[PDB]
Novice: 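Shown below is the structure under consideration.
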Amino acid sequence: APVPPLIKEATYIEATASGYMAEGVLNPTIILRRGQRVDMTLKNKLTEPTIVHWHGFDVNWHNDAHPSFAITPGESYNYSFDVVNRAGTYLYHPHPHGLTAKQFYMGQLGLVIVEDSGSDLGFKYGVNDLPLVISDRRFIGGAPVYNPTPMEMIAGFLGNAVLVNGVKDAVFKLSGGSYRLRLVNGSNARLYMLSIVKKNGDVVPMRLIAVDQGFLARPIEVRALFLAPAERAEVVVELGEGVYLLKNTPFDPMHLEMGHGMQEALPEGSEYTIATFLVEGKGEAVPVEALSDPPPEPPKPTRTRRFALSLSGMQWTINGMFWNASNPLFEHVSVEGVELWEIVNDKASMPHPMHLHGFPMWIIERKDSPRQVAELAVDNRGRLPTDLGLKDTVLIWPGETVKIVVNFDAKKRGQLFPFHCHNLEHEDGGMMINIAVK
Ligand SMILES: [Cu+2]
Ligand SMILES: [Cu+2]
């Protein structure tokens with residue numbers, strides 16, 4: 001069961017080409033307590049600028065940290081803030097404009113686990129509480145390469161092999177029993193439709209217990225789940241003796257941005273094995289029923305804002321806007337109070353996992369979703385099981401409209417927070433804008 005080692009005291013971290021180094025260990029999982037103080041210094045050991053982003057964290061833009069605060073090689077940057085996020089699985093990764101995709105892909109990506117009273121639900125990290133960070137790489141000669149062509153910058157860079165926690169053909173030797181699996185899409189662009197199945201047997205139901213920003217009100221059994229870049233989904237499964245497989249099952253990738261898609265070595269919608277679970281012996285049963293940290297009801301919006309996701313020529317845009325490299329402080333959108341955002345993805349487009357920094361989002365409704373998505377919805381608002389928890393990254397399919405509500409807390413007025421697609425090629429391509437809180 002190869003998973004990232006834990007790091008209790010993350011006071012110092014170095015950004016290296018192979019990933020974050022702290023205490024001699026690469027990309028360790030930073031575990032924190034809701035309410036505790038974080039204080040750590042980032043040192044840039046790269047040959048280019050960089051900055052760490054605490055994905056999904058409620059912090060000020062200085063501790064976000066905003067792309068404009070990126071540091072040069074040799075410099076350091078200090079983060080100091082109180083952890084006010086709910087128990088959940090978050091991430092820490094690079095955010096320098098134009099260089100994020102490569103740094104991320106070459107190795108810079110770690111997990112941030114926030115714990116609170118009773119959040120471990122009886123599971124032990126590294127034993128039966130397993131984070132599965134799924135990523136893909138394009139191997140040439142057995143080594144990963146990141147050489148996106150202009151067309152791949154438009155569509156997203158897809159690898160020809162999928163890894164779990166940095167391991168190719170990932171295999172887990174487990175004992176029979178209950179397992180909490182923290183599914184994390186750590187890929188640059190690849191979308192997954194995840195299912196757990198008994199080898200040459202049936203699909204194993206997964207009980208979804210948490211997403212990006214924490215626990216759901218109650219567990220929700222699902223058979224498959226879409227997981228786009230940066231989305232997180234924690235599920236509980238009961239494994240008996242035998243062989244189980246974490247797989248990608250068939251779906252329509254909907255690459256309609258430039259005709260109908262390009263030739264791929266490992267088709268996004270093809271069936272393939274992500275990880276193998278060799279379950280042998282009798283292990284511990286961990287009863288899960290009550291999740292004691294429900295998500296709050298969404299607030300009442302006083303203003304509706306429409307967002308159009310479109311490809312303008314060779315430039316991905318949001319309401320026609322895109323990042324201004326010459327002015328990283330440009331205020332694309334001025335917001336205040338509680339707003340309802342209607343995010344509409346063009347038909348001649350591709351799925352985009354939109355992510356908002358600094359403020360979590362409540363998913364209100366999905367409309368005009370493709371059938372493969374509509375069939376998975378569990379309420380009359382077209383919402384998916386993952387849409388039922390508080391989120392920070394949501395997938396919007398071509399032709400689909402996803403409505404979300406966000407509380408732009410007045411406490412953060414005067415600060416800038418990025419709103420962008422988490423497909424890293426799109427992000428580096430400029431599909432990111434600043435949200436200015438007023
Ligand atoms: Cu973020
Ligand atoms: Cu995108």
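Residues: numbered from 1 along the sequence shown. Side chains are part of it too, since the values below use all heavy atoms of this structure and drop only hydrogens, waters and symmetry mates. Ligands are counted one by one from 1 in listed order, and the atoms in each one are counted from 1 as well.
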Novice: For the rings on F251 and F226, is their centre-to-centre separation under 6.0 Å?
Specialist: yes
Novice: Would you give me the side-chain donor-acceptor pairs under 3.5 Å for residues 17-32, sequence neighbours excluded?
Specialist:
{"unit_1": "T29", "atom_1": "OG1", "unit_2": "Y125", "atom_2": "OH", "d": "2.7"}

Novice: Determine, using ring centers only, whether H66 and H53 are less than 6.0 Å apart.
Specialist: no
Novice: Answer yes or no for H55: is there an N/O/S atom below the 2.8 Å cut-off from the Cu ion (ligand 1)?
Specialist: no
Novice: Check whether the ring centres of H255 and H260 lie less than 6.0 Å apart, and answer yes or no.
Specialist: no
Novice: Before you tell me yes or no, could you show the steps for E425 and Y146 under side chain to side chain donor-acceptor pair (under 3.5 Å), namely the whole-Å CA-CA distance, both residues' side-chain angles and the distance that decides it to 0.1 Å?
Specialist: CA-CA 11 Å; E425 281 65 60; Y146 185 70; 2.6 Å; yes
Novice: Specify whether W316 and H352 have parallel, tilted or perpendicular ring planes, treating 30° as the upper limit for parallel and 60° as the lower limit for perpendicular.
Specialist: perpendicular
Novice: What is the number of protein N/O/S atoms located under 2.8 Å from the Cu ion (ligand 2)?
Specialist: 3
Novice: Does the ring centre of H97 sit less than 6.0 Å away from the ring centre of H420?
Specialist: no
Novice: Any N/O/S atom from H53 (main chain or side chain) under 2.8 Å of the Cu ion (ligand 1)?
Specialist: yes
